[PDB]
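Residue-level structure breakdown
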Amino acid sequence: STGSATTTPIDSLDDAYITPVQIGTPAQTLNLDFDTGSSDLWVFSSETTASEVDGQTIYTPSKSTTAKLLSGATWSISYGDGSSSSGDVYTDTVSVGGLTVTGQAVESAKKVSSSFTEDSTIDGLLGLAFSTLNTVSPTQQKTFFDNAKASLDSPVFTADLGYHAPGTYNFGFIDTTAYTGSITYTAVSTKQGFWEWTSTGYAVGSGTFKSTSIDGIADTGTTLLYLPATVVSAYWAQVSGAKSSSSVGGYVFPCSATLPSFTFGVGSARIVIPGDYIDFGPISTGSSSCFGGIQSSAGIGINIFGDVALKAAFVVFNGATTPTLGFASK
């Protein structure tokens with residue numbers, strides 16, 4: 001089988017992407033944030049604290065004839081950005097872009113932190129990292145991808161994120177019309193539960209390529225590109241007036257700047273992030289100081305190839321026995 005679903009930026013900055021997901025019988029369609037950096041499928045629901053729901057579409061298990069409470073199961077997750085959610089668990093039918101999983105763990109939020117409440121466009125997350133990170137207790141549950149894997153024509157899903165525009169998540173096949181040239185595959189470590197890989201280096205604008213190993217994760221759930229302080233300094237040093245601001249919480253630059261591109265290495269191949277992709281606009285409405293889309297990973301503890309990087313490529317998440325990542329230009 002295969003699945004194919006359009007993924008749409010939630011706002012003008014591509015802060016995140018939402019993808020429609022059918023849950024239950026009859027279908028309840030929720031717009032979830034597909035997150036290759038976590039492994040829980042959780043939704044706003046009829047069980048979510050009322051004060052913590054503000055505009056999201058909720059999953060109501062009692063209205064689904066295929067929903068079954070997973071007796072005793074709870075979940076609790078905290079994300080890299082400080083946000084969190086928790087609740088109980090149902091199993092139900094979950095379909096993405098025509099691809100259907102029965103008995104999918106659907107994690108029903110009883111509580112969400114303010115940032116989720118404040119984002120009315122995101123009804124939940126659908127995790128696509130490795131199931132070893134799944135927070136369900138006392139019985140860990142499988143991701144949607146893990147559950148579909150066996151049924152899929154090929155044990156893969158692809159992320160084709162748009163710049164200021166819709167894109168596509170495909171399950172079980174590689175759309176050879178969706179990219180240019182070849183896909184370069186690179187090794188993955190699953191030891192931390194992430195799509196962890198090692199970039200072979202970078203260039204800033206038209207600068208020479210620096211060969212250097214950069215270990216990081218392919219994370220659709222993170223907006224920006226988080227890299228070592230040395231790398232990020234080298235980038236922002238090419239933008240007049242750019243500076244790291246403690247008060248703002250990262251590199252900012254004059255909104256009047258034209259940003260240089262950033263190239264990262266995938267084996268011998270190169271992915272070019274256009275400068276425009278690295279502009280996340282005024283730090284506050286009407287400010288002439290703009291937030292950078294490349295930021296330091298120091299104090300995160302891991303480098304993150306977030307959407308800023310991933311949307312410049314067609315990315316293959318290969319879930320074969322030995323998982324690998326593939327990147328193509330597009």
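Residues numbered from 1 in each chain as written, not as in the entry; some residues may be left out. Heavy atoms only, no water. Residues with missing side-chain atoms left out of burial classes, pairs and counts.

Deposited coordinates in this entry are attributed by the record to X-ray crystallography, at a stated resolution of 1.8490 Å.

Labelled according to the PDB entry, the chain appears under the name endothiapepsin, originating from Cryphonectria parasitica. Per the header of the deposited record, the title is "Automated refinement of diffraction data obtained from an endothiapepsin crystal treated with fragment 60". A UniProt comment under Sequence similarities is attached to the chain, and it reads "Belongs to the peptidase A1 family." (UniProt positions renumbered as here; feature names shortened; annotations may be inferred.)

1. Digging into the pattern of salt bridges
Proximity of charged atoms lets side chains of opposite charge pair with each other. Evaluation of the coordinates by the stated rule reveals two salt bridges. Close ionic contact of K311 with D14 constitutes a salt bridge, the shortest N to O distance being 2.9 Å. Taken together, the residues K311 in the loop between helix 4 (307–310) and strand 23 (314–318) and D14 in the loop between strand 1 (3–9) and strand 2 (17–23) connect sequence positions 297 residues apart. By the burial criterion, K311 is buried, and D14 matches it. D160 is the partner of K330 in a salt bridge, and the nearest nitrogen-oxygen pair spans 2.7 Å. Residue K330 is found in the segment after strand 24 (324–328), and its partner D160 is found in strand 9 (residues 156–160); the two are separated by 170 residues along the sequence. The class of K330 is partly exposed, set by a relative accessible area of 38%. (Salt bridge = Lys/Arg side-chain N within 4 Å of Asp/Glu carboxyl O. Helix = DSSP H or I, 4+ residues; strand = E, 2+ residues; numbered from the N terminus. Buried < 20%, exposed > 50% of the residue type's maximum accessible area, 1.4 Å probe, protein only.)

2. Comments concerning the pairing of strand 12 (residues 196–204)
Counting buried residues in strand 12 gives seven out of nine residues, a clear majority hidden from the surface. As paired strands, strand 12 and strand 13 (residues 210–218) are joined by six bridges and run antiparallel to one another. When the sheet's bridge partners are listed, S199 is paired in strand 13 with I214. Counted along the chain from strand 12 to the antiparallel partner strand 13, the turn is five residues long, and its residue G205 has a positive phi close to 45 degrees. Pairing analysis gives three bridges linking strand 12 to strand 17 (residues 262–266), with the strands arranged antiparallel. Pairing of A203 across the sheet is with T263, part of strand 17. (Pairing = 2+ DSSP bridges.)

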